[PDB]
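Asks: Build the 3D model from these lines:
(chains A, B, C, D, E and F, ligands or ions: 3)
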Amino acid sequence: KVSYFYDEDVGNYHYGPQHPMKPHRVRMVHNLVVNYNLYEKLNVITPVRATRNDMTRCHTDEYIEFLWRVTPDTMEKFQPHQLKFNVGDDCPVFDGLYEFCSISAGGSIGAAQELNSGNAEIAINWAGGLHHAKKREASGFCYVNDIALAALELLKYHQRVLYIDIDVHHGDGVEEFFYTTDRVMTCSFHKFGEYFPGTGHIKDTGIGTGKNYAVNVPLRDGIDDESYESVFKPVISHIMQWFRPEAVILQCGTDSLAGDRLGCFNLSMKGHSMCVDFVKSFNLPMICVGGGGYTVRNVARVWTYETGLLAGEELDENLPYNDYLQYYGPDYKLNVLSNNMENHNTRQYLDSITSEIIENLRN
Amino acid sequence: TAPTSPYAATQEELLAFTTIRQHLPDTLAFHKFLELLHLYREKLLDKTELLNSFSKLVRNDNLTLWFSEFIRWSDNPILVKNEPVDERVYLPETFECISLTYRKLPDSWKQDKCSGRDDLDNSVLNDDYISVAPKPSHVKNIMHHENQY
Amino acid sequence: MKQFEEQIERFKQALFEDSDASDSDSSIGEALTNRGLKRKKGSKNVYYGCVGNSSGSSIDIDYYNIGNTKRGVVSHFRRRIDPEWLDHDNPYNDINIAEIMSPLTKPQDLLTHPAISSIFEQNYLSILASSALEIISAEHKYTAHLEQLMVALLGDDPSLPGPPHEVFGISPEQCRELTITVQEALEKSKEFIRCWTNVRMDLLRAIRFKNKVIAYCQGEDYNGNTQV
Amino acid sequence: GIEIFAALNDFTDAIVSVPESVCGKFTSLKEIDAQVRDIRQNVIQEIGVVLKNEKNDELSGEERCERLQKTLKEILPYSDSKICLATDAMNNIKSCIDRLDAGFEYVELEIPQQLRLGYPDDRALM
Amino acid sequence: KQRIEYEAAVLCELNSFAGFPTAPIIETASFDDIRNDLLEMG
Amino acid sequence: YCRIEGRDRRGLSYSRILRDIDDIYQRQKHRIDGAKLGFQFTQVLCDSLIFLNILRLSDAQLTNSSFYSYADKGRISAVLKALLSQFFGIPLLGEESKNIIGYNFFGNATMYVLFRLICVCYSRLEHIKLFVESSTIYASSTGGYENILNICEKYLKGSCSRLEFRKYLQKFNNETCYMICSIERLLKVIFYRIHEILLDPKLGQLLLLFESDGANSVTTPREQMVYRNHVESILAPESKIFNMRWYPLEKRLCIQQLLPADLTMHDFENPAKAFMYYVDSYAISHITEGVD
Ligand SMILES: [K+]
Ligand SMILES: [K+]
Ligand SMILES: [Zn+2]
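Replies: Numbers count the residues shown, from 1 in each chain, chains lettered A, B, ... in the order given. Ligands and ions are numbered 1, 2, ... in the order given. Have a look at this structure:
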């Protein structure tokens, strides 16, 4: 009884010639869900495209209308206004942009509406969860920030929401959206240093009445499954003890795996799925969205595993013959491994940051 | 068979250039011609000056015209305009800081409206603080991506 | 005159050169900015916000025109004979193109040739044929029941001699609507089966031919099994 | 003279071409087939109760058939999808298999006898 | 077979000399064929 | 393996080496941060057997290369042996004057690159030996460092392949011991430099000149200056000079880069000595040393 949103069109969009972000990856996921016969254990839905009045509760109407009117072949009149909204270089303009944004935001708002009305406990929208887009400009491959809309929907019934983020990059759009409120708490586990977006410092914990209600866990290179677990379980446990969330939005970016295009971590499929296990084990209403992920064979396999494990099933190790099978050679297994990349987190460092966090959380 | 490199010399142009050297009565004139070409390559020899010296070495009008056609010469008033970039692409870093990265907003930027906001979202969402990431200046030890497999 | 041709080509390349370019051999690493380090082989892709730089200066492509078609090429791993580069620095080392793309010329080579043998070891037909049977069977379990109801409604049922509307009391104007919809359903369900059966039988024809060839090109090594 | 194996070299390309068309179509089917199974089991139970008329006797025969009618009306748009997909797959595989068959007709000719009938002494023939 | 045999030689030569060849390029139709098609559609 | 090997190969590029030394020299000449002139590279070479180890590895690899014909192997082995023994002085109240006179070598970019490579190879071998000995796990064996040497010897002749090599290396679990594989690369670059010198017809006199200056007792300036003028003349009018000085007392190698009007000896203990050396230079040196 897991709501699983999926629109068939989202896999036909195309960012640009050699761009790293391919929505096609989502389609690959579905193509393994069907051939793994998980189609029958899931309540599969088709998202209602979000209107324009739905998308301008976070964003501004000027930015959303610009997104509406623009077009890749009639942007000789928009070319001046392009970079006023950060559009153009790594957030390009492509054919059918507004459709893609409406698809993803509609999936997220639909999941929130499923959870509001008791129709399920766990919802899945693998083609949403774009956490970088800001209120008045695109930012780092994301144009509209659907997660803020999902949370604004959840807050109608529930009273306190928790947004957990395990994308290697920082979730800056979401954190900046709810930075001065206590009703939503953001928690991010991100590589820090000389890295995108360069925010996310361990002393940035909200303002106003939001003081203490954010959590930034600045890690370093090469981190692996055991260290990640050792710093993930204590903080999550104390947040659930002291914050007492009612709804959980879990962001499942997969550029934190070993071998990614733009990643510097060393997790593996087991190390990544441990987080989903541990957050599920609290028996809460849980939306579970996608995120980063730029080596698409890894993304497909890991997201398939996490869906089969969120439902409650036990998928085989081998891979069922499907259309995108040859992407997964030469082994053809549902496993993503890790490499001998050298860790850079000394145990003393992890314990220091963990203690500083937990001492912050006691208020 | 043999592969054609990108922008490889075509046969017509090689023929024409060897006839140019042949009209040049000397191997010293041919060497001077190579010197002209090289000095144009090394950003010490202009375009029109290359054409002028080429003509004063070839003393033939049709070859001057063929060169000016190969050089892709065009005399037009080069127009240079300087347009500043929009205020919003750099203005953030003049805002009164609050923390390392969060900077208070000025009143002129809290003057645009989102039209789908009800009474809830006007009390949950953050309105007046931005997140201005920090800017490197002169990085001087750049890391690469080394795994080539 | 080869040196002269090289000179002419070099001059043509200089004319061809773009208005803005990268001259320094060192490329821009991650580096997350272009200030200071412009003219750095890829610094046009970098600025303030710059998620990253995905295109490194090792996959860059150079086009060479052969005959009538242009073929790109990865030219960072050329022979480029030098002291610094070892052979095992080349990813595409020991990938022999001349023997991967080569023809057979000998029937038994079917079982040793690298690429071809990797082709006769896939069992994608035997999976698809069984999937087709699994799909046909459920549909047929449904069609059999539709068909029984049909022979009842028409009236050609040996065990039901009376009028069908009577044997399950309904107005004779309800029986006609029911019969119409049942007829549509039964006809469509029969057509789907008739097509999927042709699909499956042709898959089986392919499987039969494949095994026959695997058994021919084994000569005296023919032990009944033909799983490569 | 000496013979290249042109047919035996095209056979190996046809044998690869065959699965892909139907691969796409098979998956597109499994989706539809899996979003219709509950309705089909409904229909089977309904036909059974209407045709036995003596084993599950809790109904009013006028309504016991209005339910079957509505259920049959529900399943109708899926049969059209299945028919379109089956005809597409049929055409694709037909062309591919015509090619493969025309090839195998020849690959059996330019292959030495001893390679398909064995040596004239490895035949029992009592 | 002749076409494959020609392509193999071309690619082995291009391999030794220049680099390692990537996938065949996906190009448009010819100028002549575009012309004829715009004609018969016109 | 990939980070180490990539950073390595990206480090020892000819032009990169030259640009590094040039940048340091330019920063000195103008006193940008208060840095005054002098030496731009300094390093101590203690052991004398490590050089024989390096010679062993070099000959091992040289018998298994495929660029050079049968005689170039002998040529290159000889040249390496000669430049090792002569310069580095490795055996292959009236006596301290030697250890007080630093021996001088003048060459061009090729020589500077060659010597930078040799110092790098030495440093890495020595760090290896120190880590095998001081670390109390593999030191417990009689010849763990020696086992490493014998294994590398095996591999470089073609008697062992690279997979066994790398998996055996993984036993040490050490980046410091990851650094052993780079020796093949370093040796390849070295052989290349040496060969391009053996074809450099201006080499002979140069190294011959070196031989000549390996016979004096303690030099007066004028001899060194006329040596330097010889060298500077043998090259084209455009070139730089690289000065490599050997202190056998401290067993220290120092390297600097000299342009036309530069001082060869930077330290004078009294103004009279300075004036003496100047006048000598004005006499002989092609361009007066020490003038702006
Ligand atoms: K908050
Ligand atoms: K994060
Ligand atoms: Zn990310």
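
Asks: What distance do you get for the residue of chain C positioned farthest from its centre to residue E:10?
Replies: Most distant from the centre of chain C: residue C:162, at 58.5 Å, with distances by CA atoms, centre = their mean. Noted for residue C:162: a distance of 81 Å to residue E:10, by CB to CB, to the nearest Å. All C-beta spots, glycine's among them, are computed from the backbone N, C-alpha and C.

Asks: And for residue E:31?
Replies: Taking CB to CB, one finds residue E:31 at 23 Å from residue E:10.

Asks: May I have the secondary structure class of residue F:286?
Replies: coil (DSSP: H, G, I helix; E, B strand; the rest coil).

Asks: again, but for residue F:256
Replies: strand.

Asks: Verify the stated contact: it with residue F:39.
Replies: Yes: under the criterion of CB atoms under 8 Å, residue F:256 makes contact with residue F:39 at 5.2 Å.

Asks: which parts of the helix or strand in which residue D:14 is found are buried?
Replies: Following DSSP states H and E, one finds residue D:14 within helix D:6-34. For helix D:6-34, burial by neighbour count (16 or more other CB atoms under 10 Å in any protein chain shown) applies to D:6-12, D:14-15, D:18-19, D:21-31, D:33.

Asks: Quick one: name whatever helix or strand follows it.
Replies: Helix D:6-34 is succeeded, C-terminally, by helix D:37-52 (DSSP H and E).

Asks: how far does that next one sit from the chain's center?
Replies: Its chain's average C-alpha position is 25 Å from that of helix D:37-52, according to CA atoms, centre = their mean, to the nearest Å.

Asks: Taking chain A, what residue is nearest to ligand 3?
Replies: residue A:292 (3.0 Å; CB to the ion).

Asks: what's the distance between that residue and residue A:17?
Replies: 20 Å.

Asks: ok, now residue B:106?
Replies: 39 Å.

Asks: if you count what's nearby, which of the two comes out ahead?
Replies: residue B:106 (13 against 6; other CB atoms under 10 Å in any protein chain shown).

Asks: Contacts only, for the residue of chain C found nearest ligand 3.
Replies: Closest to ligand 3 within chain C is residue C:51: 8.3 Å, counting by CB to the ion. Contact analysis of residue C:51 by CB atoms under 8 Å, 6 or more residues apart in numbering or on different chains lists A:90, A:140-141, A:196, A:262.

Asks: So which of these is the closest to chain F?
Replies: Of all the contacts of residue C:51, residue A:262 has the smallest distance to chain F: 17.1 Å, by CB to the nearest CB.

Asks: rewinding a little: neighbour-wise, which of residue E:31 and residue E:10 wins?
Replies: residue E:10 (17 against 8).

Asks: residue ranges of the helices in chain B, please?
Replies: B:11-23, B:27-41, B:47-58, B:61-70, B:121-124 (DSSP state H).

Asks: Now tabulate those helices in TSV and tack on distance to residue C:158.
Replies: TSV is the format used below for the helices of chain B (distance: least, CB to CB, whole Å):
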stretch	distance to residue C:158
helix B:11-23	90
helix B:27-41	100
helix B:47-58	101
helix B:61-70	96
helix B:121-124	72
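
Asks: since we're on residue A:236, how many residues are nearby?
Replies: 19.

Asks: Also the one 10 residues further on?
Replies: The criterion is other CB under 10 Å. On that basis, residue A:246 has 15 neighbouring residues.

Asks: I figured it hits residue A:282, correct?
Replies: No: taking contacts as CB under 8 Å, residue A:246 lies outside contact range of residue A:282: 10.9 Å.

Asks: Neighbours of the residue nearest to residue C:30 when sequence neighbours are not counted, how many?
Replies: Closest residue in space to residue C:30, ignoring its immediate chain neighbours: residue B:143 at 5.6 Å, by CB to CB, 6 or more residues apart in numbering or on different chains. Residue B:143: 12 surrounding residues under other CB under 10 Å.

Asks: Quick check: nearest residue in space to residue 25, chain neighbours excluded?
Replies: Let's take chain A. Per CB to CB, 6+ apart, closest to residue A:25 is residue A:296, 4.4 Å.

Asks: hmm, I had chain D in mind actually
Replies: Closest to residue D:25 by CB to CB, 6+ apart is residue D:89, at 3.9 Å.

Asks: Mind giving me the packing neighbours of the helix or strand containing the one you found?
Replies: Following DSSP H and E, one finds residue D:89 within helix D:63-107. Applying 3 or more CB pairs under 8 Å, 6 or more residues apart in numbering or on different chains; DSSP states H and E, one finds that helix D:63-107 contacts helix C:174-216, helix D:6-34, helix D:37-52.

Asks: Against which helices or strands is the shortest one packed?
Replies: It stands for helix D:37-52. Checking 3+ CB pairs under 8 Å, 6+ apart, helix D:37-52 ends up next to helix C:125-154, helix D:63-107.

Asks: Between the ones you listed, which one is closest to residue B:36.
Replies: helix D:63-107 (61.7 Å; CB to CB).

Asks: Tell me the gap between the closest one and the middle of its chain.
Replies: Worked out by CA atoms, centre = their mean, helix D:63-107 lies 8 Å from the chain centre.

Asks: Tell me what angle it forms with helix D:6-34.
Replies: 170 degrees (axes from the mean of the first three to the mean of the last three CA atoms, to 10 degrees).

Asks: Relative to residue B:135, how far out is the closest residue to residue A:201 other than its chain neighbours?
Replies: Using CB to CB, 6+ apart and skipping residues adjacent in sequence, the residue nearest residue A:201 is residue B:100, 5.9 Å away. Using CB to CB, residue B:100 is found at 13 Å from residue B:135.

Asks: With residue A:134 instead?
Replies: Residue A:134 is 17 Å from residue B:135, by CB to CB.

Asks: just residue F:232 next, same as before
Replies: Counting by CB to CB - residue F:232 and residue B:135 are separated by 48 Å.

Asks: Between the two, point out the one with more neighbours.
Replies: A side-by-side neighbour count of residue F:232 and residue B:135, using other CB under 10 Å, places residue F:232 first with 19 against 12.
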